[PDB]
$ cat model-v7.txt   # compact mmCIF, C-alpha atoms
# COMPACT_ATOMS: atom_id res chain seq x y z
CA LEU A 1 -143.39 27.53 -22.93
CA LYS A 2 -143.80 24.06 -21.50
CA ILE A 3 -142.48 20.63 -22.43
CA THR A 4 -143.57 17.16 -21.36
CA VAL A 5 -140.93 14.41 -21.51
CA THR A 6 -142.19 10.80 -21.66
CA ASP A 7 -140.69 8.16 -19.38
CA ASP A 8 -138.66 6.52 -22.15
CA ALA A 9 -137.30 9.89 -23.23
CA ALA A 10 -136.40 11.04 -19.73
CA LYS A 11 -134.61 7.76 -19.14
CA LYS A 12 -132.51 8.33 -22.26
CA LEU A 13 -131.68 11.80 -20.93
CA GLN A 14 -130.95 10.57 -17.43
CA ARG A 15 -127.18 10.40 -17.94
CA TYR A 16 -127.23 14.16 -18.56
CA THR A 17 -129.84 15.42 -16.11
CA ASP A 18 -127.80 13.54 -13.50
CA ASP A 19 -124.90 15.94 -14.04
CA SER A 20 -125.42 18.71 -11.46
CA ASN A 21 -123.03 20.74 -13.60
CA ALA A 22 -125.13 20.15 -16.71
CA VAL A 23 -127.64 22.40 -18.48
CA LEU A 24 -129.97 21.49 -21.35
CA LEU A 25 -130.55 23.59 -24.43
CA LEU A 26 -133.20 23.35 -27.11
CA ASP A 27 -131.06 24.81 -29.85
CA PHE A 28 -132.18 26.20 -33.17
CA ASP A 29 -129.24 25.30 -35.40
CA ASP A 30 -128.81 28.47 -37.43
CA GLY A 31 -125.28 29.51 -36.62
CA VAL A 32 -126.43 32.23 -34.24
CA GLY A 33 -124.88 32.17 -30.76
CA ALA A 34 -121.43 31.56 -29.28
CA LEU A 35 -122.30 27.89 -28.86
CA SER A 36 -122.66 27.41 -32.59
CA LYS A 37 -118.87 28.06 -32.67
CA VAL A 38 -118.41 24.99 -30.51
CA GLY A 39 -118.96 21.51 -31.91
CA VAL A 40 -120.66 20.37 -35.13
CA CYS A 41 -123.19 22.57 -36.91
CA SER A 42 -125.74 21.54 -39.48
CA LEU A 43 -126.82 25.11 -40.12
CA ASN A 44 -130.13 23.96 -41.59
CA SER A 45 -132.05 25.88 -38.93
CA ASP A 46 -133.38 22.79 -37.20
CA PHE A 47 -134.04 21.76 -33.60
CA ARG A 48 -131.62 19.73 -31.56
CA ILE A 49 -130.69 19.19 -27.91
CA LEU A 50 -127.39 20.52 -26.65
CA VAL A 51 -125.88 19.77 -23.27
CA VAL A 52 -123.33 22.16 -21.86
CA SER A 53 -121.80 22.88 -18.46
CA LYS A 54 -122.76 25.75 -16.19
CA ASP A 55 -119.40 27.34 -17.00
CA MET A 56 -119.85 27.77 -20.77
CA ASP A 57 -121.45 30.98 -22.03
CA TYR A 58 -124.93 29.86 -23.02
CA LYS A 59 -126.74 32.47 -20.97
CA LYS A 60 -126.42 35.52 -23.21
CA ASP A 61 -127.82 33.58 -26.18
CA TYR A 62 -130.06 30.90 -24.65
CA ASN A 63 -131.82 33.66 -22.76
CA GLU A 64 -135.21 32.06 -22.23
CA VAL A 65 -136.48 29.06 -20.35
CA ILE A 66 -138.87 26.21 -20.94
CA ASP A 67 -140.33 24.46 -17.89
CA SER A 68 -140.35 20.67 -17.97
CA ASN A 69 -140.76 17.62 -15.79
CA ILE A 70 -137.05 16.77 -16.01
CA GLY A 71 -135.67 20.22 -15.33
CA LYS A 72 -135.13 23.37 -17.37
CA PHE A 73 -134.46 23.82 -21.08
CA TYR A 74 -132.79 27.02 -22.22
CA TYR A 75 -133.32 28.44 -25.68
CA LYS A 76 -132.60 31.45 -27.85
CA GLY A 77 -135.45 33.88 -27.40
CA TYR A 78 -136.14 34.44 -31.09
CA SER A 79 -136.48 30.76 -31.97
CA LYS A 80 -139.60 30.94 -29.82
CA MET A 81 -141.38 31.74 -33.08
CA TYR A 82 -140.61 28.23 -34.29
CA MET A 83 -141.99 26.53 -31.22
CA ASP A 84 -145.33 25.63 -29.68
CA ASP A 85 -146.64 26.61 -26.23
CA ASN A 86 -147.08 23.01 -25.18
CA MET A 87 -144.59 20.62 -26.68
CA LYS A 88 -143.54 17.06 -26.19
CA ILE A 89 -140.36 15.03 -26.36
CA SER A 90 -140.88 11.33 -26.86
CA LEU A 91 -138.83 8.36 -28.02
CA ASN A 92 -139.10 7.01 -31.55
CA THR A 93 -140.28 3.43 -31.82
CA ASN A 94 -138.32 2.88 -35.05
CA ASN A 95 -134.91 4.31 -34.19
CA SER A 96 -133.26 5.36 -30.93
CA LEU A 97 -133.81 9.06 -31.57
CA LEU A 98 -136.09 11.47 -29.78
CA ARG A 99 -139.07 13.26 -31.27
CA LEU A 100 -140.23 16.83 -30.74
CA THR A 101 -143.92 17.55 -31.29
CA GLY A 102 -146.21 20.47 -30.48
CA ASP A 103 -149.91 20.62 -29.59
CA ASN A 104 -150.69 22.99 -32.44
CA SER A 105 -147.92 22.30 -34.97
CA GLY A 106 -147.68 18.53 -34.77
CA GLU A 107 -144.22 17.16 -35.51
CA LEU A 108 -141.73 19.99 -35.12
CA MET A 109 -138.75 17.65 -35.33
CA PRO A 110 -139.29 13.94 -36.07
CA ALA A 111 -135.67 13.03 -35.30
CA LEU A 112 -134.35 15.12 -32.41
CA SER A 113 -130.63 14.50 -31.83
CA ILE A 114 -128.54 15.08 -28.73
CA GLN A 115 -125.18 16.82 -28.64
CA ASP A 116 -122.81 16.65 -25.68
CA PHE A 117 -120.68 19.79 -25.65
CA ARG A 118 -119.69 19.46 -21.99
CA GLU A 119 -116.04 20.04 -21.23

$ encode --input "model-v7.txt" --output "structure tokens"
Amino acid sequence: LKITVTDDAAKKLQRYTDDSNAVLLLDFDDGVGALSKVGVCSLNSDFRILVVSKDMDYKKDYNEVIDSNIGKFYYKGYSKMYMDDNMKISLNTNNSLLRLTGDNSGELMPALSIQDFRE
């Protein structure tokens, strides 16, 4: 899986990618995973970005990787079925939220939020 992040979107994610101790997760909010037990959870099985530290246990669950121009994105293997091979994260022109689209599915998540679960 691959993801392209626009300039405006990367800039908005800069404050996190700048944290050497930070890791990005493309989470499928379904209550599955130890991380769901941390922080808010809208268990409506939707996509969202989570930022954790390299000390939290995200490995066992977010067991797969997505290559991207701003670094890696970890995700739960199974949710792969809800993704696209070539996706994109851009910045909404209407609101300050991000957007997640796929080459074959179109909009996967029109309003992609960001959650900071770093200690």

$ closest_residue --input "model-v7.txt" --among "A:41, A:3, A:108, A:34" --to "residue 81 in chain A" --atoms "all atoms listed in the file"
A:108

$ atom_distance --input "model-v7.txt" --atom1 "CA of residue 62 in chain A" --atom2 "CA of residue 35 in chain A"
9.3 Å

$ residues_around --input "model-v7.txt" --residues "range 17-33 of chain A" --least-positions-apart "3" --cutoff "8 Å" --atoms "all atoms listed in the file" --output "NGL selection string"
:A and (13-14 or 36-37 or 41-54 or 61-62 or 70-76 or 79 or 118)

$ atom_distance --input "model-v7.txt" --atom1 "CA of residue 90 in chain A" --atom2 "CA of residue 39 in chain A"
24.7 Å

$ residues_around --input "model-v7.txt" --residues "residue 107 in chain A" --least-positions-apart "6" --cutoff "12 Å" --atoms "only C-alpha atoms" --output "list in words"
residues 47, 82, 83, 84, 87, 88, 89, 90, 98, 99, 100 and 101 of chain A

$ closest_residue --input "model-v7.txt" --among "A:65, A:60, A:8, A:77" --to "residue 97 in chain A" --atoms "all atoms listed in the file"
A:8

$ closest_residue --input "model-v7.txt" --among "A:6, A:69, A:63, A:113" --to "residue 96 in chain A" --atoms "all atoms listed in the file"
A:113

$ atom_distance --input "model-v7.txt" --atom1 "CA of residue 94 in chain A" --atom2 "CA of residue 106 in chain A"
18.2 Å
